[PDB]
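Inspection log for the structure reproduced underneath, given as structure tokens.
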Amino acid sequence: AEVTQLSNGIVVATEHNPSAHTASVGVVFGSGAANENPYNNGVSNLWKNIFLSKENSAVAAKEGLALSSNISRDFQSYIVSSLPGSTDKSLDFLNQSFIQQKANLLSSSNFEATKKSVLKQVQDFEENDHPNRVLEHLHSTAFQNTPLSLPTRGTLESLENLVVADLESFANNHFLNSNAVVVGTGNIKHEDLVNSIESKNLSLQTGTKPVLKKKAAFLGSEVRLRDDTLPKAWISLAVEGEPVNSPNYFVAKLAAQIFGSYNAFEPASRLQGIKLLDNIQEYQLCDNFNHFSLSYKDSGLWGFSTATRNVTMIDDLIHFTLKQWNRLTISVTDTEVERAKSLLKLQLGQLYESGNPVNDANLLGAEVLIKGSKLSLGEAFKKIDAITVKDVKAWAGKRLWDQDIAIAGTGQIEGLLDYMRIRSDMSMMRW
Amino acid sequence: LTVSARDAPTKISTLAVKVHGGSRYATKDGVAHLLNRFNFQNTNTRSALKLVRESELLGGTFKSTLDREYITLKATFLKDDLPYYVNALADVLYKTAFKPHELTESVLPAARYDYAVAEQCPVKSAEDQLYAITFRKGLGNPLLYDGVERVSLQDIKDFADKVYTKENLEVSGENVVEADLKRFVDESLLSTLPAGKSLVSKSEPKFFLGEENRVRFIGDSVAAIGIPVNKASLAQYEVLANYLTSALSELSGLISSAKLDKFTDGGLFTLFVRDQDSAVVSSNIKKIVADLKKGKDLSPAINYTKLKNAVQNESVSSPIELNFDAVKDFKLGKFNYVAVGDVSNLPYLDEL
Amino acid sequence: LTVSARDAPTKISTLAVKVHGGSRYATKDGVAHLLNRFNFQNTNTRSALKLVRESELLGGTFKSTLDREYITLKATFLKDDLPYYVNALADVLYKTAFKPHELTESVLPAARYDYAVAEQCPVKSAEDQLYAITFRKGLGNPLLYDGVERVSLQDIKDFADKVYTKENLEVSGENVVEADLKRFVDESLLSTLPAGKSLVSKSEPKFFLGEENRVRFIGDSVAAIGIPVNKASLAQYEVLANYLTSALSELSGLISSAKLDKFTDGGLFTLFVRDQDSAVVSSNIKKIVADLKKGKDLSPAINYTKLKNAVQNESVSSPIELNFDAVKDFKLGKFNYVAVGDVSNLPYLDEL
Amino acid sequence: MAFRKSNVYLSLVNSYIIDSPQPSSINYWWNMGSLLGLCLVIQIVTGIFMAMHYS
Amino acid sequence: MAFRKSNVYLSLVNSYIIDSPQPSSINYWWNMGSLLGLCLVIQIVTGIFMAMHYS
Amino acid sequence: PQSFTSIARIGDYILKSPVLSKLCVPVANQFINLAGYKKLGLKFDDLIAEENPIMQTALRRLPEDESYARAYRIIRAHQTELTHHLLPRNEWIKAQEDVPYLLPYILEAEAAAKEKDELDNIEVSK
Ligand code: HEM
Ligand code: HEM
Ligand code: HEM
Ligand SMILES: COc1c(O)c(C)c(C/C=C(/C)CC/C=C(\C)CC/C=C(\C)CC/C=C(\C)CC/C=C(\C)CCC=C(C)C)c(O)c1OC
Ligand SMILES: COc1c(O)c(C)c(C/C=C(\C)CC/C=C(\C)CC/C=C(\C)CC/C=C(\C)CC/C=C(\C)CCC=C(C)C)c(O)c1OC
């Protein structure tokens, strides 16, 4: 279904869907937050809000277009959505407002107003959004002094020094033809999209992006943002995971599905077939947890995030969850693998097969900037079905058994023990 | 008993059963909220635990949602388990156990959590009073259950006997073969339900204009206005909501939210201004009201609102058919007003 | 600084200092409640503990009371200890410490208890709602502190300096030699207070008619009505209050309470119906308002009212003299209405 | 909870030599108490085995 | 609090001897435990005083 | 520690057999009278040991009026035994009053716990 062409440097990829009632086109760059330095951190956040500025978005509304933009560790995207048949105007808007003319957007009183608003967006994120600011400090401590440790939103201290001249430097170095993929999702044909691009000039810059000296490397460490005025405790814990282009990519994803997510206030969440639940329910140890498996270009992270009000029994929560991770190496059963297979296929079919062409454009553009193509959903189901119990035990013994960990936390975390007591739980002396 | 489906070459399927049993049909305060939190408990043939464990090994999930018009039972599953999930939903509407200890241990604690979450938001509070003062006993019924009116286990059983009838529900599906769905809907326990009557009333509801209400609250101050809308002027207020929260308007920076909730007999237009400081809330609401009284031209926003309406209608299966081709102007007349927060520093209706 | 007293052959004396610093003069919500709870704390020359211990060995007690018009400081003691309690009251109005640790340890927790025991009574909640919708700012100001508006220690200090002035207080005593009281007040710290300005205005308070409000509540249901009264009609509504509650009226068995609150420039009439069943409350209030709209003859209740007036004016040293002799009939016009409790089963204003 | 905290006998061991919260600044002079415990064990065991041959 | 409950050593005596909640219907067969503790004290005290004269 | 599901299964087979019912039920009635718990004002369902999760669930779901009455019978039995006497003959529990009031709650809690153990040890075929 995915069709990918090449044209003088830029790559065109589409995912046609006749039943859609909305087409979407845009450009996805293969550079993100991991391509900055601790002094220009936050440049890609300013470029996102300049694109969605009031004057820029007022022009788009008259033609009937809506704008979106996303910033990640590896990629950033700029999307224009419109009704089918209006795809010609969306390409025209992208050309003369972001690709070829950035002077009007980068004017004074428009850069000074956007910078004022972003400085407020990160001030309240740093003091109101606790679960998402300990997952950001987990990246900061696990990849310290490496490119994979800078926050995607930037830093408050770093954003007060950025000027308009720093935004032109980043655009000249990264917004290039060799670093870009042109995407189209929804009700739009591959032949029509490529014909429109060649009917115009539609050429980005010519240079190549700079290369990074050092790669990302995991380091076992911890950071503690203790605050005794907050009513809860938020904790994130992870080991080194898998990159995107790995043979164990789906095996690590299936492993996180065995433990899954949990909500204490949902009656149906308390009946899940997870052996961890019967340990943490007699005494209410947590309100919620989720197990993740994040992959990037260089490395990844595998672990869980928790939030609890039972501040006197945090040690019990950590001890029981890590003891269930040990069974992935020694005694994982066949019923647990079959259940996690069915729930992973449903979860994948709800992310790639949603009804939002904007979500599809980000997913499709990011997978082509890394491996030059997109793996279909039918082929991934065949790879998930092939996983066996011996595969899980081999992967867990290599990545989980007796390995270093990274910890982040905030709130009332006096009851969280030291690093060595927690690291002792990654293995059993009885085995 | 209406059955319809749309087909597609995909992996995941969706099945929904919509019942005309929302908060606007509740006989007692919050009895519809309590029936929502009993929808996937034990039945007379299968336990709640057994259903959760069995569907996990097949690749599916369940959910139930409540609003002021509908109670919706939804199932998301893999495309080949269709007959299993038809009967699971048929058993819910037919033979729910309604045990005395299920209400005490699972249903009531779940309802307390929902009420406590919505109470902490001042915008949800201001919207509830706007529905209460505009429509008094119809759409103005409380959505959630708070224990002000006593509701017993027999009350919930009685309410289910009235809304779970063959003439009061519709069945819809996405990425589902329609011929196969019709076969499975028959030869099922849905076909043996009582054939009652449709609770839908076609006449326009009674509304009230020029009302006011104030609530003291610790947190953020909120000022809101509300306007009842008839069936023939839904498109005019659909353009106005998108225009007021877009880059085409200078008031969009002072507005926190604005929407039009649509029903089969009319709608309600809502506009909210929210800030931590009550001096900004008082100043912003005065500028918005004065500007809307002079009048606005909504023709530039017609094309924008055509695309936004397409985004929302992709998920919905029975949206309201609108035109937008004849919307020209707007001038504010009469409206209702609610102030939540530090009310001693917020304006009254006569001062706006 | 007006001093007055009456003598008697009695072993116990009382001394009161009335200040025009009630909740209707408050700059912030609950700032008068916090100053009232801060009254008999440490002063700059003496501690709170020392005052209690020393006064107990002399036979005396202290008390501070707050209403919508006054803040009153009262001392009950043995007759011969008069000069001790004149200086003790003068020191409170002059050199209160206002320590930051006294607000968090003693004053704030005491105000939380007063608010907690008043939010559980539906009659007190309904009366405050009636004051709010009749008069908006001023007499309609909240009585107690609930933390909706942030009040700091500097705000309490500023409020005290505004109200504790020489021209804003009156001194009165019971069983006190008037000649001796004037000499003690003259040479105390009261005579060195700032000579500010009187906060009482000679005009009439703006009021509103035809208003309504509903509050949800778990417990007993209450329905109430409110009528603003000017200076010329004060005697007519005083007879009406006593006629409705006494045995001369058939409606007395349906009325829970009824009273007239009298100020210098007017008053407010209140009537309450309260029961645990909402149906009983609904039927009673409808019958009350239909009977009063036809009219009443308040002549048989004049002599009864004269006795009741003299009973409650026995303690008050400045009672306004009412006539009661020219009161003939009553006819209900426009009024305010408040419903508290099971509001989904209580009548609206337009149905009364 | 963990078996080391719920058991009647293990909870006395856990509360005294496992989970006991100690200050992080105590030096080697705070080690003489544990040495006195080893001295008392040494004296009791050697005395008992010697008492089997003593008159 | 009473001194018998705040003291470190008296609390153990109070919780086992003074304030221990007992069922009201336990008969005289429940008196053998306290007798067995008197037998142990009798044996130990008499044995030690005899051991001062034993070879 | 025999489950009440096992007791009921064996007991029913005796009651549905006409031959066994006429030879076993008369013995059981004399067995109960000689036990003598009715002379202390107790029903049999008050004698079941309660220090397990199954019986703590059943006692939680018992209605208030039944729960208040049970607490009075238990307190009265402790004080009667304290004095080494019996209750007056007119206060004894009758045979028609000795009904299994708690048994349906026990069986319902036992069936739920067994189905949970059979689903934790589930094995998916094909
Ligand atoms: C067999 C004899 C003794 C044993 C087994 C013993 C045991 C202990 C232990 C294990 C500690 C805690 C660890 C430490 O502080 O090093 C301690 C602390 C202490 N001991 Fe001893 N002890 C004994 C004799 C004594 C004597 C004779 C004294 C004083 C005359 C004493 C006074 C103290 C004090 C004051 C502390 C607390 C000091 C501090 O923590 O700063 N003990 N003891
Ligand atoms: C804290 C415990 C103890 C201390 C400090 C202690 C101290 C001593 C000392 C200083 C001597 C003199 C030995 C010599 O100078 O050669 C001695 C001798 C002796 N002790 Fe202990 N003792 C202790 C415990 C015990 C116990 C528990 C026993 C028997 C159960 C015991 C049995 C003996 C015997 C049999 C001797 C004979 C003399 C010898 O063997 O050297 N001791 N003890
Ligand atoms: C020197 C030896 C012993 C002493 C000092 C002792 C002491 C006690 C005491 C004081 C009690 C509580 C009061 C009572 O029930 O009488 C008790 C209860 C008990 N003892 Fe012992 N005991 C000893 C030996 C034993 C033995 C050998 C057994 C069993 C083989 C045993 C089993 C029990 C049991 C089961 C209870 C609880 C009975 C109940 O409360 O219903 N004890 N013991
Ligand atoms: C590091 O943490 C610790 C810590 O671990 C310890 C132990 C202590 C010490 C604490 C104590 C309370 C001391 C413990 C010891 C005692 C109270 C006394 C010890 C008692 C004995 C040694 C008696 C045991 C005697 C025997 C087994 C007799 C031997 C004879 C035999 C076996 C005869 C042979 C048998 C036959 C059949 C022929 C600490 O102070 C401490 O710091 C906090
Ligand atoms: C709480 O319920 C109970 C209960 O549980 C128990 C066990 C008992 C019964 C027993 C006890 C409480 C005591 C338990 C016994 C022991 C722990 C045994 C310990 C041994 C002793 C107390 C005796 C020790 C004696 C000596 C060391 C004295 C030796 C003689 C000497 C030193 C004299 C020589 C002097 C010189 C100068 C040479 C109860 O009575 C009771 O009801 C209150």
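Chain labels run A, B, ... following the order of the structure tokens; each chain numbers its residues from 1, and ligands are numbered from 1 in the order shown.
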Exercise for the section: Give me the residues within 12 Å of stretch 12-18 of chain D as a list in words, counting only C-alpha atoms and dropping any in the same chain fewer than 3 places off. Expected result: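 The residues that qualify are residues 421 of chain A; 2, 3, 4, 5, 6, 7, 8, 9, 21, 22 and 34 of chain D.
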Practice task
Using all C-alpha atoms matched in sequence order, least-squares fit chain E onto chain D and give the RMSD rounded to one decimal in Å.
Solution key: 0.1 Å
Exercise for the section: Calculate how many Å separate atom CA of residue A:91 from atom CA of residue A:78, rounding to one decimal. Expected result: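 Distance reported for this atom pair: 11.6 Å.
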Problem - For atom CA of residue C:314 and atom CA of residue C:5, the interatomic separation in Å (one decimal) - result: 14.1 Å
Exercise for the section: Apply DSSP to the backbone of this structure and, from stretch 105-166 of chain C, keep only the residues in alpha helix (DSSP H); write these as a VMD selection string. Expected result: chain C and resid 108 to 118 122 to 134 153 to 163
Can you write out the residues you just picked, keeping N, CA, C and O atoms, as a compact mmCIF listing (two decimals), in the first residue's frame?
# COMPACT_ATOMS: atom_id res chain seq x y z
N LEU C 108 -6.34 30.98 62.50
CA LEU C 108 -6.84 30.23 61.35
C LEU C 108 -7.56 28.95 61.74
O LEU C 108 -8.64 28.69 61.18
N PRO C 109 -7.05 28.09 62.63
CA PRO C 109 -7.82 26.90 63.01
C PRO C 109 -9.16 27.21 63.64
O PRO C 109 -10.11 26.44 63.45
N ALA C 110 -9.27 28.30 64.40
CA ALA C 110 -10.55 28.66 65.00
C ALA C 110 -11.57 29.08 63.94
O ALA C 110 -12.75 28.76 64.06
N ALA C 111 -11.12 29.79 62.91
CA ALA C 111 -12.02 30.20 61.84
C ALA C 111 -12.47 29.01 61.01
O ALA C 111 -13.58 29.03 60.45
N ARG C 112 -11.64 27.98 60.89
CA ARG C 112 -12.05 26.78 60.17
C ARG C 112 -13.17 26.04 60.90
O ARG C 112 -14.05 25.46 60.25
N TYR C 113 -13.15 26.04 62.23
CA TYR C 113 -14.21 25.37 62.98
C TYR C 113 -15.53 26.11 62.86
O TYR C 113 -16.59 25.48 62.76
N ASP C 114 -15.49 27.45 62.87
CA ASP C 114 -16.73 28.21 62.72
C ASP C 114 -17.35 27.96 61.36
O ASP C 114 -18.58 27.84 61.24
N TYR C 115 -16.53 27.90 60.31
CA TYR C 115 -17.06 27.64 58.98
C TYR C 115 -17.57 26.22 58.83
O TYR C 115 -18.53 25.98 58.09
N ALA C 116 -16.94 25.26 59.51
CA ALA C 116 -17.34 23.86 59.36
C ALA C 116 -18.70 23.60 59.99
O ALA C 116 -19.50 22.82 59.45
N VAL C 117 -18.99 24.24 61.13
CA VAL C 117 -20.27 24.02 61.80
C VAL C 117 -21.41 24.83 61.21
O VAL C 117 -22.57 24.61 61.58
N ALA C 118 -21.12 25.76 60.30
CA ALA C 118 -22.16 26.54 59.65
C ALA C 118 -22.48 26.03 58.25
O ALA C 118 -23.58 26.32 57.75
N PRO C 122 -28.58 23.76 56.64
CA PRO C 122 -29.15 24.32 55.41
C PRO C 122 -29.84 25.66 55.61
O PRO C 122 -29.96 26.42 54.64
N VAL C 123 -30.31 25.96 56.82
CA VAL C 123 -30.98 27.24 57.05
C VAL C 123 -29.97 28.39 57.01
O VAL C 123 -30.26 29.47 56.49
N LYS C 124 -28.77 28.17 57.56
CA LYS C 124 -27.74 29.21 57.49
C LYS C 124 -27.22 29.39 56.07
O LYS C 124 -26.85 30.51 55.69
N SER C 125 -27.17 28.32 55.28
CA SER C 125 -26.76 28.45 53.89
C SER C 125 -27.79 29.23 53.08
O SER C 125 -27.43 30.02 52.21
N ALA C 126 -29.07 29.00 53.35
CA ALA C 126 -30.13 29.68 52.61
C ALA C 126 -30.22 31.15 52.97
O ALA C 126 -30.54 31.98 52.11
N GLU C 127 -29.96 31.50 54.22
CA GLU C 127 -30.02 32.90 54.63
C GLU C 127 -28.92 33.72 53.98
O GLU C 127 -29.16 34.85 53.54
N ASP C 128 -27.71 33.17 53.90
CA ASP C 128 -26.61 33.85 53.23
C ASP C 128 -26.88 34.01 51.74
O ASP C 128 -26.49 35.02 51.14
N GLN C 129 -27.53 33.02 51.12
CA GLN C 129 -27.90 33.14 49.71
C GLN C 129 -28.93 34.25 49.51
O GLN C 129 -28.89 34.96 48.51
N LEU C 130 -29.87 34.39 50.45
CA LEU C 130 -30.88 35.43 50.33
C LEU C 130 -30.27 36.81 50.49
O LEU C 130 -30.67 37.76 49.80
N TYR C 131 -29.31 36.96 51.40
CA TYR C 131 -28.61 38.23 51.54
C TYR C 131 -27.82 38.57 50.29
O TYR C 131 -27.74 39.75 49.91
N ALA C 132 -27.23 37.57 49.64
CA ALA C 132 -26.40 37.82 48.47
C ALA C 132 -27.21 38.31 47.28
O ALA C 132 -26.79 39.22 46.56
N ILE C 133 -28.38 37.71 47.04
CA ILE C 133 -29.16 38.08 45.86
C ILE C 133 -30.02 39.32 46.08
O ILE C 133 -30.42 39.96 45.11
N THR C 134 -30.31 39.68 47.33
CA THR C 134 -31.06 40.90 47.60
C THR C 134 -30.17 42.12 47.51
O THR C 134 -30.40 43.02 46.70
N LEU C 153 -1.86 38.62 56.62
CA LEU C 153 -1.73 39.27 57.91
C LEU C 153 -1.76 40.78 57.78
O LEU C 153 -2.29 41.47 58.66
N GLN C 154 -1.18 41.32 56.71
CA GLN C 154 -1.21 42.76 56.50
C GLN C 154 -2.62 43.26 56.24
O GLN C 154 -2.95 44.40 56.58
N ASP C 155 -3.47 42.44 55.62
CA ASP C 155 -4.85 42.84 55.39
C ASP C 155 -5.63 42.96 56.70
O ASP C 155 -6.46 43.86 56.84
N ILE C 156 -5.38 42.06 57.65
CA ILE C 156 -6.03 42.16 58.95
C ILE C 156 -5.54 43.38 59.71
O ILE C 156 -6.31 44.05 60.40
N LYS C 157 -4.25 43.69 59.61
CA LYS C 157 -3.72 44.89 60.25
C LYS C 157 -4.33 46.15 59.65
O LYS C 157 -4.64 47.10 60.38
N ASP C 158 -4.49 46.19 58.33
CA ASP C 158 -5.05 47.37 57.68
C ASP C 158 -6.52 47.55 58.02
O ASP C 158 -6.98 48.67 58.24
N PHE C 159 -7.28 46.45 58.06
CA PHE C 159 -8.69 46.54 58.39
C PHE C 159 -8.90 47.06 59.81
O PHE C 159 -9.81 47.86 60.05
N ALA C 160 -8.06 46.63 60.75
CA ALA C 160 -8.19 47.08 62.13
C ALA C 160 -7.97 48.58 62.25
O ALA C 160 -8.69 49.27 62.98
N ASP C 161 -6.96 49.11 61.55
CA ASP C 161 -6.67 50.54 61.63
C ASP C 161 -7.80 51.37 61.06
O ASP C 161 -7.99 52.53 61.46
N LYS C 162 -8.56 50.81 60.12
CA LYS C 162 -9.68 51.53 59.51
C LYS C 162 -10.89 51.59 60.43
O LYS C 162 -11.59 52.61 60.45
N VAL C 163 -11.14 50.55 61.21
CA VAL C 163 -12.38 50.44 61.98
C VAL C 163 -12.17 50.85 63.43
O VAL C 163 -13.10 51.34 64.08
Practice task
Name the residues, by chain letter and number, that sit within 6 Å of ligand 1 using only C-alpha atoms and all ligand atoms, and give them as a list in words.
Solution key: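 Residues lying within 6 Å of ligand 1: residues 30, 31, 32, 33, 34, 36 and 37 of chain D.
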Using only C-alpha atoms and all ligand atoms, find each protein or nucleic acid residue lying at most 12 Å from ligand 2; present the set as an mmCIF file with N, CA and C atoms, in the first residue's frame.
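Output (part21.cif):
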data_model
loop_
_atom_site.group_PDB
_atom_site.id
_atom_site.type_symbol
_atom_site.label_atom_id
_atom_site.label_comp_id
_atom_site.auth_asym_id
_atom_site.auth_seq_id
_atom_site.Cartn_x
_atom_site.Cartn_y
_atom_site.Cartn_z
ATOM 1 N N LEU D 36 31.852 -5.752 70.333
ATOM 2 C CA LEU D 36 31.516 -6.250 71.663
ATOM 3 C C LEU D 36 30.532 -7.410 71.595
ATOM 4 N N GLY D 37 29.667 -7.431 70.580
ATOM 5 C CA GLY D 37 28.792 -8.569 70.380
ATOM 6 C C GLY D 37 29.522 -9.830 69.980
ATOM 7 N N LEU D 38 30.572 -9.701 69.169
ATOM 8 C CA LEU D 38 31.394 -10.846 68.804
ATOM 9 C C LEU D 38 32.258 -11.322 69.965
ATOM 10 N N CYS D 39 32.724 -10.404 70.812
ATOM 11 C CA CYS D 39 33.499 -10.802 71.984
ATOM 12 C C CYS D 39 32.665 -11.644 72.941
ATOM 13 N N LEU D 40 31.412 -11.251 73.167
ATOM 14 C CA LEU D 40 30.553 -11.985 74.089
ATOM 15 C C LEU D 40 30.251 -13.387 73.573
ATOM 16 N N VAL D 41 30.094 -13.540 72.257
ATOM 17 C CA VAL D 41 29.866 -14.864 71.685
ATOM 18 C C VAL D 41 31.110 -15.732 71.828
ATOM 19 N N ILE D 42 32.293 -15.147 71.626
ATOM 20 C CA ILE D 42 33.536 -15.910 71.720
ATOM 21 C C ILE D 42 33.738 -16.435 73.135
ATOM 22 N N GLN D 43 33.473 -15.600 74.140
ATOM 23 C CA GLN D 43 33.701 -16.004 75.524
ATOM 24 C C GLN D 43 32.737 -17.098 75.962
ATOM 25 N N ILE D 44 31.492 -17.049 75.497
ATOM 26 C CA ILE D 44 30.510 -18.042 75.915
ATOM 27 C C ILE D 44 30.815 -19.401 75.296
ATOM 28 N N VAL D 45 31.181 -19.426 74.014
ATOM 29 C CA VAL D 45 31.396 -20.698 73.329
ATOM 30 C C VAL D 45 32.667 -21.381 73.821
ATOM 31 N N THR D 46 33.752 -20.624 74.003
ATOM 32 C CA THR D 46 34.983 -21.236 74.496
ATOM 33 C C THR D 46 34.847 -21.679 75.947
ATOM 34 N N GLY D 47 34.085 -20.939 76.753
ATOM 35 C CA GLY D 47 33.895 -21.323 78.140
ATOM 36 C C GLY D 47 33.111 -22.610 78.297
ATOM 37 N N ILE D 48 32.080 -22.799 77.474
ATOM 38 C CA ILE D 48 31.261 -24.003 77.571
ATOM 39 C C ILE D 48 32.063 -25.239 77.180
ATOM 40 N N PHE D 49 32.830 -25.158 76.090
ATOM 41 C CA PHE D 49 33.616 -26.310 75.663
ATOM 42 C C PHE D 49 34.757 -26.610 76.627
ATOM 43 N N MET D 50 35.280 -25.594 77.312
ATOM 44 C CA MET D 50 36.279 -25.833 78.345
ATOM 45 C C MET D 50 35.670 -26.401 79.618
ATOM 46 N N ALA D 51 34.415 -26.060 79.915
ATOM 47 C CA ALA D 51 33.762 -26.530 81.128
ATOM 48 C C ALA D 51 33.464 -28.022 81.108
ATOM 49 N N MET D 52 33.567 -28.679 79.955
ATOM 50 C CA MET D 52 33.407 -30.125 79.896
ATOM 51 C C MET D 52 34.612 -30.882 80.436
ATOM 52 N N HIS D 53 35.712 -30.193 80.753
ATOM 53 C CA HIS D 53 36.920 -30.840 81.251
ATOM 54 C C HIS D 53 37.439 -30.199 82.534
ATOM 55 N N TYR D 54 36.602 -29.467 83.261
ATOM 56 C CA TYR D 54 37.042 -28.675 84.400
ATOM 57 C C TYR D 54 36.409 -29.190 85.686
ATOM 58 N N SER D 55 37.171 -29.129 86.780
ATOM 59 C CA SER D 55 36.711 -29.527 88.106
ATOM 60 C C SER D 55 36.928 -28.374 89.074
#
Exercise for the section: Show which residues sit within 8 Å of stretch 247-262 of chain B, as a PyMOL selection string. Count only C-alpha atoms, and ignore same-chain residues fewer than 2 positions away. Expected result: (chain A and resi 54-55+57-58+61-62) or (chain B and resi 234+237-238+241-245+264+266-274+284+288+301+320)
Exercise for the section: May I have the residues of chain A within 9 Å of chain D, counting only C-alpha atoms, written as a PyMOL selection string? Expected result: chain A and resi 279-280+282-283+313+316-317+319-320
Practice task
Would you list the contacts of stretch 275-277 of chain C as JSON, numbers by chain, taking every protein, DNA or RNA residue within 10 Å and counting only C-alpha atoms, but skipping same-chain residues closer than 4 positions in sequence?
Solution key: {"C": [219, 220, 221, 222, 223, 254, 256, 281, 282, 284, 341, 342, 345]}
Practice task
Output as a ChimeraX atom specification the set of chain C residues within 7 Å of chain B, with distances taken over only C-alpha atoms.
Solution key: /C:148-149,213,217-218,342
Using the selection just defined, write its residues with C-alpha atoms as an mmCIF file, in the first residue's frame.
data_model
loop_
_atom_site.group_PDB
_atom_site.id
_atom_site.type_symbol
_atom_site.label_atom_id
_atom_site.label_comp_id
_atom_site.auth_asym_id
_atom_site.auth_seq_id
_atom_site.Cartn_x
_atom_site.Cartn_y
_atom_site.Cartn_z
ATOM 1 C CA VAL C 148 -11.948 31.713 48.443
ATOM 2 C CA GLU C 149 -10.207 35.110 48.547
ATOM 3 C CA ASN C 213 -30.993 30.630 43.435
ATOM 4 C CA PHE C 217 -27.240 19.670 49.486
ATOM 5 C CA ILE C 218 -27.228 16.260 51.181
ATOM 6 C CA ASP C 342 -33.116 18.130 46.686
#
Practice task
Provide the atom CA of residue B:196 to atom CA of residue B:97 distance in Å, to one decimal place.
Solution key: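 About the pair atom CA of residue B:196 and atom CA of residue B:97: they are 21.2 Å apart.
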Handout entry: Shell of 7 Å around residue C:76, only C-alpha atoms, local chain residues under 4 positions omitted, as a VMD selection string
Key = chain C and resid 13 to 15 60 to 62
Can you spit out the residues from that selection as a CSV table (one decimal), in the first residue's frame, using C-alpha atoms?
chain,number,residue,atom,x,y,z
C,13,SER,CA,-21.6,44.3,85.8
C,14,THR,CA,-21.2,44.1,82.0
C,15,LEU,CA,-19.2,46.3,79.7
C,60,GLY,CA,-14.3,37.9,84.9
C,61,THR,CA,-14.7,36.7,81.3
C,62,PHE,CA,-14.2,38.0,77.8
So that I can check the surroundings of residue A:39, please list as a compact mmCIF listing (two decimals) with N, CA, C and O atoms, in the first residue's frame every protein, DNA and RNA residue that reaches within 7 Å of it, counting only C-alpha atoms and ignoring chain neighbours fewer than 2 positions away.
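Produced file part-v2.txt, reproduced below:
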# COMPACT_ATOMS: atom_id res chain seq x y z
N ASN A 37 22.70 21.19 20.95
CA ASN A 37 23.72 21.23 21.98
C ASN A 37 23.16 21.95 23.20
O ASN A 37 22.14 22.64 23.10
N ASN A 41 19.58 24.49 22.96
CA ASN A 41 18.47 23.59 23.24
C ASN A 41 17.17 24.39 23.29
O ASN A 41 17.06 25.36 24.04
N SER A 158 18.25 27.89 28.82
CA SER A 158 18.79 27.94 27.47
C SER A 158 17.94 28.78 26.52
O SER A 158 18.48 29.31 25.54
Practice task
Could you tell me, as a PyMOL selection string, which residues of stretch 47-247 of chain C DSSP assigns to strand (DSSP E or B) when given the backbone?
Solution key: chain C and resi 60-66+71-78+96+169-174+212-216+221-229
Practice task
Define the interface residues of chain E facing chain F as those within 9 Å, counting only C-alpha atoms, and report them as an MDAnalysis selection string.
Solution key: chainID E and resid 23:27
